[PDB]
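Heads up, the thing below is written out as structure tokens.
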Amino acid sequence: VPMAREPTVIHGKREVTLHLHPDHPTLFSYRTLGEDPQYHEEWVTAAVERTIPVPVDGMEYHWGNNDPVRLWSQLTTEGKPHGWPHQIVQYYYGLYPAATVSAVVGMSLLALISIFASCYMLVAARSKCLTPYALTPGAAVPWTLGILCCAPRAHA
Amino acid sequence: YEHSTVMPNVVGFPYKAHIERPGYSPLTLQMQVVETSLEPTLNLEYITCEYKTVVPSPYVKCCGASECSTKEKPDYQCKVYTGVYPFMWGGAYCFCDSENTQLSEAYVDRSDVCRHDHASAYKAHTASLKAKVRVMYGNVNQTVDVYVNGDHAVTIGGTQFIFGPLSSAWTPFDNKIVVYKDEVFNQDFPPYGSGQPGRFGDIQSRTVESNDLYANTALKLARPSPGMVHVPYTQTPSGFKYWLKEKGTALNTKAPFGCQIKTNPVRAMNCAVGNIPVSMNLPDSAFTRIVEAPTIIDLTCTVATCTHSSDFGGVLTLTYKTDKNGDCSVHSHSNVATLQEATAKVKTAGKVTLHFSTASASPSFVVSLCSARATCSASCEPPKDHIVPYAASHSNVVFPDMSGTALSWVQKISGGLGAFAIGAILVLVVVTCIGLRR
Amino acid sequence: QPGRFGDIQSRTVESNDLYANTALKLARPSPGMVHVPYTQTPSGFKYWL
Ligand SMILES: *[C@@H]1O[C@H](CO)[C@@H](O[C@@H]2O[C@H](CO)[C@@H](O[C@@H]3O[C@H](CO)[C@@H](O)[C@H](O)[C@@H]3O)[C@H](O)[C@H]2NC(C)=O)[C@H](O)[C@H]1NC(C)=O
């Protein structure tokens, strides 16, 4: 029996593009060799071009009467680590682009809650400390007036 | 000397185990899985193949009547037809013009080549895996073939190994299996004695060389057309052939974890899942006394380059000082980084260089040669290439070190915010207690 | 590139130089024969046509 020709392989980001040139109807199949595979079989009759996923777990394809060929992806990305904080997030979004956004949103929300609570506590403390002196026409205690920025800058 | 480890069930992974006896120099064993083989237990249910219809030549009774006789044959059919007036090449026989009768008979059988081309229906349960492991240490290579259940012990160089039961109980086969030639299908076949015409199992035989046969093929007979001898009949086509043309997929092309399904005996090869516990018992000749080993002090390590690729993409330089030239046993004490070699020649010069493989942005792991220890920290860059033809040589641990750039930024920002909040709370409490003290 | 338009290129019709990139690869002959096996991606001009 004959041996099919080696297809042309073009490497992408978690993908492979195969150019397939048959002399006669030849069977092409592939699978992703992780926990939940991605099956596919087909009878290729004309010169075609296929795109197949290659996750970090790996992949293999069987083309014609040839032996099956296994290919593994590599932890490559486009952000730049060890740089500014806005590039680390790009780096960790290029690979694992589903938990990075969730973690960043959670952290940002937590920081916002903390800063709002702190500012609220300062506001409440200043109101508490200024409400007694504000029921009598009294002096602002320029030593107190300078240290704490209250409503009257220099008026009493 | 008893020792126990846990090593991954992946073929080609360089596992290295560190055995560190208090009175002796540590040694490192290299264990590798050359292949696995997970094989189930099978109970043959029956055998299916193409059928063959047997149609005997008819019995025409001239000037009379005939009566049908029953027989004990699979899917047997017999009938009689009255008023026949058959013909031959030379003339019409059965001289009585209209007082004649034909006996039509037909039944079904197993085909002539059923012992060469047939499908087997099985129930599969209780898988048991073998394995083949290559073990090397000291100056012994050498590969052994073992049963992965804690009930088989092998001796390599006087060391006694038991490879304990697999971590998982996962099998790719379902309860019911159909095997054809070199192909295995997860199928739910009909039981014996309840097959249907036109589908898989229309004829069922208990064994290749059995004598019984159960057939259900919807055979019928019809009247011969006037003036000729042919025994007409109609029947549903074979269910085995329509199964062959439309069985659908397989398990060879579909199984998870990338494990090769083979048959005779049915097995699933190199099917990477789980962990293998290992228990070992070493003689005293394996170890070396602490006197003839080199003694090394003042150990520090620095990384020259790091790039978290699948290969061994990190290089590490390690400096010390030694009294005499010798040989030590290195080991990396975390699975974040995997070293390449297990022994290193130490010389008076005071430098050794080691190659390791990692998969995280910033690893931090402690490395030891002989008795010393040191902490190695690194800043690692992604690879430029997208796709490689070989498997990962690391343990796929991705969480960065707590002292890495990113998570140190996290600490700085969180600490600043926490200090601000603490100051706010302190101001509030001071104000409240001032109000109370009055 | 092999298999596509322009896998072989020439400056003019009568030019003595030629660029070819067709993925021509030799193979091991089978036992007891004299035949020179090889494999090669089909022409890109025919595919373009
Ligand atoms: C433990 O034993 C195994 C098997 O005896 C050793 O592996 C063997 O290593 C040799 C030397 O590299 C290999 O020979 C070479 O193989 C290449 C492959 O293309 C070939 O081109 C060369 O002409 C040469 O034949 C040999 O194939 C290889 N065998 C296996 C089964 O892998 C291993 O090195 C030993 N370990 C130690 C630490 O000594």
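For the structure tokens, the naming scheme is as follows: chains receive sequential letters (A, B, ...) according to their order of presentation, residues are indexed from 1 within each chain, and ligands are indexed from 1 in presentation order.
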Just the strand (DSSP E or B) stuff from range 138-295 of chain B, please, per backbone DSSP, written as a ChimeraX atom specification.
/B:140,143-147,153-156,159-163,176-180,183-185,203-205,214-215,220-221,233-234,260-262,267-269,275-281,289
Quick check: residues of chain A within 8 Å of chain B, only C-alpha atoms, returned as an mmCIF file with N, CA and C atoms, in the first residue's frame.
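The resulting file, part-v2.cif, is reproduced below:
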```cif
data_model
loop_
_atom_site.group_PDB
_atom_site.id
_atom_site.type_symbol
_atom_site.label_atom_id
_atom_site.label_comp_id
_atom_site.auth_asym_id
_atom_site.auth_seq_id
_atom_site.Cartn_x
_atom_site.Cartn_y
_atom_site.Cartn_z
ATOM 1 N N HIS A 11 3.150 26.704 12.073
ATOM 2 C CA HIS A 11 2.923 26.778 13.507
ATOM 3 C C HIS A 11 2.288 28.100 13.896
ATOM 4 N N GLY A 12 1.251 28.022 14.719
ATOM 5 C CA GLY A 12 0.576 29.200 15.210
ATOM 6 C C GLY A 12 0.534 29.206 16.717
ATOM 7 N N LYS A 13 -0.290 30.058 17.311
ATOM 8 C CA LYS A 13 -0.421 30.102 18.764
ATOM 9 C C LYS A 13 -1.483 29.096 19.170
ATOM 10 N N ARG A 14 -1.044 27.949 19.686
ATOM 11 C CA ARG A 14 -1.932 26.856 20.079
ATOM 12 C C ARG A 14 -2.733 26.344 18.889
ATOM 13 N N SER A 29 -7.215 11.949 10.300
ATOM 14 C CA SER A 29 -7.876 12.034 11.592
ATOM 15 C C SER A 29 -6.940 12.695 12.584
ATOM 16 N N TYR A 30 -7.507 13.241 13.655
ATOM 17 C CA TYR A 30 -6.667 13.795 14.707
ATOM 18 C C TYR A 30 -7.406 13.738 16.033
ATOM 19 N N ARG A 31 -6.629 13.859 17.110
ATOM 20 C CA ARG A 31 -7.192 13.939 18.450
ATOM 21 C C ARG A 31 -6.279 14.691 19.400
ATOM 22 N N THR A 32 -6.907 15.361 20.352
ATOM 23 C CA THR A 32 -6.218 16.047 21.429
ATOM 24 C C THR A 32 -6.044 15.098 22.601
ATOM 25 N N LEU A 33 -4.801 14.845 22.978
ATOM 26 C CA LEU A 33 -4.488 13.812 23.957
ATOM 27 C C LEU A 33 -4.402 14.349 25.383
ATOM 28 N N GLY A 34 -5.472 15.021 25.802
ATOM 29 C CA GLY A 34 -5.692 15.371 27.175
ATOM 30 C C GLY A 34 -6.810 14.567 27.806
ATOM 31 N N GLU A 35 -7.414 15.147 28.842
ATOM 32 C CA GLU A 35 -8.464 14.445 29.575
ATOM 33 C C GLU A 35 -9.739 14.310 28.758
ATOM 34 N N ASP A 36 -10.172 15.386 28.112
ATOM 35 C CA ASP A 36 -11.369 15.377 27.273
ATOM 36 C C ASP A 36 -10.951 15.654 25.838
ATOM 37 N N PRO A 37 -10.834 14.635 24.995
ATOM 38 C CA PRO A 37 -10.225 14.828 23.681
ATOM 39 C C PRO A 37 -11.162 15.495 22.686
ATOM 40 N N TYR A 39 -11.937 14.805 19.034
ATOM 41 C CA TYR A 39 -11.951 13.831 17.955
ATOM 42 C C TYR A 39 -12.238 14.451 16.590
ATOM 43 N N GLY A 58 -1.003 18.501 24.264
ATOM 44 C CA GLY A 58 -0.531 17.900 23.034
ATOM 45 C C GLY A 58 -1.661 17.507 22.111
ATOM 46 N N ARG A 70 2.800 13.279 16.869
ATOM 47 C CA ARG A 70 2.395 14.002 18.065
ATOM 48 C C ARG A 70 3.114 15.341 18.146
ATOM 49 N N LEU A 71 2.391 16.369 18.571
ATOM 50 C CA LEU A 71 2.923 17.718 18.652
ATOM 51 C C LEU A 71 2.445 18.363 19.943
ATOM 52 N N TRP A 72 3.334 19.095 20.607
ATOM 53 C CA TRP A 72 3.050 19.703 21.901
ATOM 54 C C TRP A 72 3.250 21.204 21.815
ATOM 55 N N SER A 73 2.335 21.961 22.402
ATOM 56 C CA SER A 73 2.480 23.403 22.463
ATOM 57 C C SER A 73 3.391 23.798 23.617
ATOM 58 N N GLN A 74 3.790 25.061 23.635
ATOM 59 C CA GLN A 74 4.808 25.527 24.560
ATOM 60 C C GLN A 74 4.324 26.817 25.204
ATOM 61 N N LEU A 75 4.699 27.030 26.464
ATOM 62 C CA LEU A 75 4.125 28.108 27.275
ATOM 63 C C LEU A 75 4.641 29.453 26.776
ATOM 64 N N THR A 76 4.129 29.872 25.627
ATOM 65 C CA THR A 76 4.567 31.105 24.999
ATOM 66 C C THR A 76 3.431 32.115 25.029
ATOM 67 N N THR A 77 3.798 33.385 25.151
ATOM 68 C CA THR A 77 2.839 34.455 25.362
ATOM 69 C C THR A 77 3.434 35.746 24.825
ATOM 70 N N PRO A 81 7.033 39.870 31.254
ATOM 71 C CA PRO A 81 7.088 39.771 32.714
ATOM 72 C C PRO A 81 8.233 40.594 33.271
ATOM 73 N N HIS A 82 8.240 40.720 34.597
ATOM 74 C CA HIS A 82 9.328 41.384 35.308
ATOM 75 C C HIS A 82 9.470 42.835 34.870
ATOM 76 N N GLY A 83 8.358 43.432 34.462
ATOM 77 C CA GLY A 83 8.348 44.811 34.029
ATOM 78 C C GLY A 83 7.345 45.614 34.822
ATOM 79 N N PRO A 85 3.686 46.936 36.208
ATOM 80 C CA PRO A 85 2.507 46.141 36.579
ATOM 81 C C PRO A 85 1.515 45.941 35.447
ATOM 82 N N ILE A 88 2.851 42.752 33.409
ATOM 83 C CA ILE A 88 2.690 41.453 34.051
ATOM 84 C C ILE A 88 1.291 40.913 33.806
ATOM 85 N N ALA A 111 -9.257 46.313 46.796
ATOM 86 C CA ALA A 111 -8.532 47.546 47.088
ATOM 87 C C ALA A 111 -9.475 48.741 47.146
ATOM 88 N N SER A 114 -11.333 48.727 50.423
ATOM 89 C CA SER A 114 -10.471 49.140 51.527
ATOM 90 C C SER A 114 -10.265 50.650 51.545
ATOM 91 N N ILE A 115 -9.989 51.244 50.383
ATOM 92 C CA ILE A 115 -9.703 52.675 50.355
ATOM 93 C C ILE A 115 -10.956 53.479 50.686
ATOM 94 N N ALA A 117 -13.414 52.486 52.655
ATOM 95 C CA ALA A 117 -13.638 52.361 54.092
ATOM 96 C C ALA A 117 -12.700 53.263 54.886
ATOM 97 N N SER A 118 -11.431 53.340 54.480
ATOM 98 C CA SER A 118 -10.494 54.213 55.184
ATOM 99 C C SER A 118 -10.919 55.677 55.093
ATOM 100 N N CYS A 119 -11.271 56.136 53.888
ATOM 101 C CA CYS A 119 -11.692 57.526 53.736
ATOM 102 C C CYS A 119 -12.964 57.798 54.531
ATOM 103 N N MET A 121 -13.820 56.343 57.316
ATOM 104 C CA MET A 121 -13.480 56.420 58.731
ATOM 105 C C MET A 121 -12.879 57.775 59.078
ATOM 106 N N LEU A 122 -12.016 58.312 58.211
ATOM 107 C CA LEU A 122 -11.524 59.668 58.460
ATOM 108 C C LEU A 122 -12.662 60.684 58.482
ATOM 109 N N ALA A 125 -14.595 60.368 61.738
ATOM 110 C CA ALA A 125 -13.831 60.867 62.877
ATOM 111 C C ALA A 125 -13.809 62.389 62.911
ATOM 112 N N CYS A 129 -15.326 64.762 65.889
ATOM 113 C CA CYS A 129 -14.494 65.681 66.653
ATOM 114 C C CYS A 129 -14.859 67.140 66.436
#
```
Show me, as an mmCIF file with N, CA, C and O atoms, in the first residue's frame, every residue of chain A with an atom at most 9 Å from chain C, counting only C-alpha atoms.
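Listed below is the output, result_0.cif:
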```cif
data_model
loop_
_atom_site.group_PDB
_atom_site.id
_atom_site.type_symbol
_atom_site.label_atom_id
_atom_site.label_comp_id
_atom_site.auth_asym_id
_atom_site.auth_seq_id
_atom_site.Cartn_x
_atom_site.Cartn_y
_atom_site.Cartn_z
ATOM 1 N N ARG A 5 1.895 11.696 1.300
ATOM 2 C CA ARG A 5 2.896 12.747 1.368
ATOM 3 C C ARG A 5 2.820 13.500 2.687
ATOM 4 O O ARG A 5 1.752 13.660 3.276
ATOM 5 N N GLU A 6 3.970 13.967 3.150
ATOM 6 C CA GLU A 6 4.008 14.736 4.379
ATOM 7 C C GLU A 6 3.388 16.110 4.155
ATOM 8 O O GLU A 6 3.868 16.876 3.318
ATOM 9 N N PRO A 7 2.350 16.465 4.900
ATOM 10 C CA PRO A 7 1.709 17.764 4.707
ATOM 11 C C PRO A 7 2.627 18.897 5.136
ATOM 12 O O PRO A 7 3.626 18.698 5.823
ATOM 13 N N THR A 8 2.290 20.102 4.694
ATOM 14 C CA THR A 8 3.061 21.277 5.090
ATOM 15 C C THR A 8 2.495 21.826 6.389
ATOM 16 O O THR A 8 1.303 22.124 6.465
ATOM 17 N N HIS A 19 -1.267 21.803 5.204
ATOM 18 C CA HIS A 19 -1.600 21.768 3.785
ATOM 19 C C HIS A 19 -1.515 20.330 3.303
ATOM 20 O O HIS A 19 -0.443 19.715 3.389
ATOM 21 N N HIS A 21 -2.173 17.363 0.347
ATOM 22 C CA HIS A 21 -2.153 17.104 -1.095
ATOM 23 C C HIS A 21 -2.258 15.608 -1.360
ATOM 24 O O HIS A 21 -1.247 14.896 -1.317
ATOM 25 N N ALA A 47 -7.030 18.712 -2.771
ATOM 26 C CA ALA A 47 -5.986 19.444 -2.059
ATOM 27 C C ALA A 47 -6.624 20.484 -1.154
ATOM 28 O O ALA A 47 -7.275 21.414 -1.633
#
```
Output the neighbourhood of ligand 1 as a PDB file with N, CA and C atoms, in the first residue's frame, that is, all protein and nucleic acid residues with some atom at most 12 Å from the ligand, counting only C-alpha atoms and all ligand atoms.
```
ATOM      1  N   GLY B  12       8.649   8.438  29.981  1.00  0.00           N
ATOM      2  CA  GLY B  12       9.774   9.262  29.613  1.00  0.00           C
ATOM      3  C   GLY B  12      10.127  10.358  30.587  1.00  0.00           C
ATOM      4  N   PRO B  14      11.918  11.912  33.604  1.00  0.00           N
ATOM      5  CA  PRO B  14      13.112  11.560  34.394  1.00  0.00           C
ATOM      6  C   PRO B  14      12.884  11.737  35.890  1.00  0.00           C
ATOM      7  N   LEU B  29      18.433   7.993  43.041  1.00  0.00           N
ATOM      8  CA  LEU B  29      18.002   6.963  42.112  1.00  0.00           C
ATOM      9  C   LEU B  29      17.274   7.625  40.957  1.00  0.00           C
ATOM     10  N   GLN B  30      17.514   7.137  39.748  1.00  0.00           N
ATOM     11  CA  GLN B  30      16.805   7.617  38.577  1.00  0.00           C
ATOM     12  C   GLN B  30      15.857   6.520  38.127  1.00  0.00           C
ATOM     13  N   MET B  31      14.566   6.815  38.143  1.00  0.00           N
ATOM     14  CA  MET B  31      13.541   5.897  37.689  1.00  0.00           C
ATOM     15  C   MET B  31      12.803   6.504  36.507  1.00  0.00           C
ATOM     16  N   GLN B  32      12.553   5.668  35.502  1.00  0.00           N
ATOM     17  CA  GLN B  32      11.881   6.086  34.282  1.00  0.00           C
ATOM     18  C   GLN B  32      10.904   5.003  33.864  1.00  0.00           C
ATOM     19  N   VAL B  34       9.433   3.121  30.950  1.00  0.00           N
ATOM     20  CA  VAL B  34       9.572   2.885  29.519  1.00  0.00           C
ATOM     21  C   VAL B  34       8.213   2.686  28.850  1.00  0.00           C
ATOM     22  N   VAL B 133       9.949  -0.548  33.833  1.00  0.00           N
ATOM     23  CA  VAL B 133      10.604   0.581  34.477  1.00  0.00           C
ATOM     24  C   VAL B 133      12.106   0.394  34.374  1.00  0.00           C
ATOM     25  N   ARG B 134      12.806   1.455  34.004  1.00  0.00           N
ATOM     26  CA  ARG B 134      14.259   1.459  33.992  1.00  0.00           C
ATOM     27  C   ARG B 134      14.779   2.189  35.221  1.00  0.00           C
ATOM     28  N   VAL B 135      15.652   1.515  35.967  1.00  0.00           N
ATOM     29  CA  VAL B 135      16.174   1.989  37.243  1.00  0.00           C
ATOM     30  C   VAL B 135      17.685   2.087  37.130  1.00  0.00           C
ATOM     31  N   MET B 136      18.241   3.239  37.492  1.00  0.00           N
ATOM     32  CA  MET B 136      19.690   3.358  37.505  1.00  0.00           C
ATOM     33  C   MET B 136      20.168   4.168  38.696  1.00  0.00           C
ATOM     34  N   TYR B 137      21.303   3.755  39.248  1.00  0.00           N
ATOM     35  CA  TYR B 137      21.937   4.424  40.372  1.00  0.00           C
ATOM     36  C   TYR B 137      23.314   3.816  40.552  1.00  0.00           C
ATOM     37  N   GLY B 138      24.199   4.573  41.185  1.00  0.00           N
ATOM     38  CA  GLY B 138      25.546   4.089  41.378  1.00  0.00           C
ATOM     39  C   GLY B 138      26.177   3.751  40.048  1.00  0.00           C
ATOM     40  N   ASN B 139      26.335   2.459  39.773  1.00  0.00           N
ATOM     41  CA  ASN B 139      26.825   2.011  38.478  1.00  0.00           C
ATOM     42  C   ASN B 139      25.970   0.888  37.904  1.00  0.00           C
ATOM     43  N   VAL B 140      24.685   0.838  38.240  1.00  0.00           N
ATOM     44  CA  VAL B 140      23.767  -0.134  37.660  1.00  0.00           C
ATOM     45  C   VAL B 140      22.759   0.609  36.799  1.00  0.00           C
ATOM     46  N   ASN B 141      22.669   0.199  35.546  1.00  0.00           N
ATOM     47  CA  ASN B 141      21.577   0.500  34.635  1.00  0.00           C
ATOM     48  C   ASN B 141      20.518  -0.574  34.880  1.00  0.00           C
ATOM     49  N   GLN B 142      19.668  -0.861  33.892  1.00  0.00           N
ATOM     50  CA  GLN B 142      18.984  -2.150  33.743  1.00  0.00           C
ATOM     51  C   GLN B 142      17.490  -2.022  34.001  1.00  0.00           C
ATOM     52  N   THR B 143      16.695  -2.659  33.144  1.00  0.00           N
ATOM     53  CA  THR B 143      15.266  -2.418  33.028  1.00  0.00           C
ATOM     54  C   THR B 143      14.496  -3.667  33.429  1.00  0.00           C
ATOM     55  N   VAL B 144      13.446  -3.483  34.231  1.00  0.00           N
ATOM     56  CA  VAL B 144      12.672  -4.591  34.765  1.00  0.00           C
ATOM     57  C   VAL B 144      11.220  -4.423  34.353  1.00  0.00           C
ATOM     58  N   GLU B 341      20.831  16.065  35.875  1.00  0.00           N
ATOM     59  CA  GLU B 341      21.768  15.032  36.275  1.00  0.00           C
ATOM     60  C   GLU B 341      21.612  14.720  37.756  1.00  0.00           C
ATOM     61  N   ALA B 342      22.133  13.560  38.153  1.00  0.00           N
ATOM     62  CA  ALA B 342      22.020  13.097  39.525  1.00  0.00           C
ATOM     63  C   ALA B 342      23.340  13.100  40.277  1.00  0.00           C
ATOM     64  N   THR B 343      24.475  13.131  39.588  1.00  0.00           N
ATOM     65  CA  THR B 343      25.775  13.188  40.239  1.00  0.00           C
ATOM     66  C   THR B 343      26.642  14.228  39.550  1.00  0.00           C
TER      67      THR B 343
END
```
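Residues with any atom within 12 Å of range 139-148 of chain A, counting only C-alpha atoms and excluding same-chain neighbours fewer than 2 positions away, are residues 122, 123, 125, 126, 127, 129, 130, 132, 133, 134, 135, 136, 137, 150, 151, 152, 153, 154, 155 and 156 of chain A.
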In Å, how far is it from CA of residue 251 in chain B to CA of residue 186 in chain B?
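So the two atoms, CA of residue 251 in chain B and CA of residue 186 in chain B, lie 7.0 Å apart.
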What lies within 10 Å of residue 41 in chain B using only C-alpha atoms, ignoring chain neighbours under 3 positions off, as a PyMOL selection string?
chain B and resi 44+122-128+265-267
Residue contacts of residue 222 in chain B (12 Å, only C-alpha atoms) excluding same-chain residues fewer than 3 positions away, as a list in words:
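With the cut-off at 12 Å, the set is residues 77, 78, 79, 80, 81, 102, 103, 104, 105, 106, 219, 225, 230, 231, 232, 233, 234 and 235 of chain B.
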